[PDB]
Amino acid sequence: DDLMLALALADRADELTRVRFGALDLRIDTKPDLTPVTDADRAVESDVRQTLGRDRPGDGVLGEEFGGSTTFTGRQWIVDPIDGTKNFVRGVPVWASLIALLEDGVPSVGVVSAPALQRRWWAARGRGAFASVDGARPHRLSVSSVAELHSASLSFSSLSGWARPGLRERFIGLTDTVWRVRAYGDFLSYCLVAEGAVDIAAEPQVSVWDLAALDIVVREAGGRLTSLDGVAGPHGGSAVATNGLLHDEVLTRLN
């Protein structure tokens, strides 16, 4: 089945990314040469496309690095080989491959694979969400039971993205009200929500390649993921993930 293949693709991407991460010349003195990450990002995409072309010939593929059909029909794989390239290039291990199958534009299978954090998160529709640490036996994920905002832990990415001068004030406001604030960034915030270690994750601009695997993992863990406008799923352009209980309050404070 489809989950088994997605997990296999992540195993393969992990081999490709691990070696390249290790190979990086980490000496730096200005904004980093994104070049070797673009190389690695392209290499892993090409390899996933080649495997997909063989082993599920029918299904479409959309790639962040190379491209795919712009519309969203039938079975379609969506792949971001390295989410967190800006960490990758600095030697910061917060980066992952995101591999997701969409059925008529609805995420049905998700894998987030972060070999340099020795972690994987995955989910298939109606089958639950899971995580492994250092390849050890998988644990079923569930969101937290935190019902009050004043008791909630939030993780974000960076303050700059919250562009609108009012939305920034509103978001800064939200950080003042919650119990705990960090910014683990990118995919990590959302996986932590799914794990129930964090209660809220928010990003003001985020693409479908970056959200697709997360949407299914969050949901199968019991959580909710929507745009800032409350539209469910990965196509919103922004994402707020919560344990569900907190969702409407979070969205209300942000609007």
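One-based numbering along the sequence shown.
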query: Which of 67 to 75 and 175 to 183 has higher mean CA B factor, as the PDB entry lists it; finding: 67 to 75
query: Given 77 to 85 and 163 to 171, the range whose Cα B-factors average higher in the PDB entry; finding: 163 to 171
query: Selection from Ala202, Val208, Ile28, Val193 [criterion: highest C-alpha temperature factor in the record]; finding: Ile28
query: Most elevated Cα B-factor in the entry, residues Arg120, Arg125, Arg90, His150; finding: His150
query: Chain-relative CA temperature factor third for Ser157; finding: lowest
query: CA B-factor placement of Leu7, once the chain's modelled residues are sorted into thirds; finding: lowest
query: Chain third (lowest, middle, highest) by recorded CA B-factor, residue given as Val146; finding: middle
query: Ranked C-alpha temperature factor of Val109 among modelled chain residues, by third; finding: middle
query: Assigned third (lowest, middle, highest) for the C-alpha B factor of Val37; finding: highest
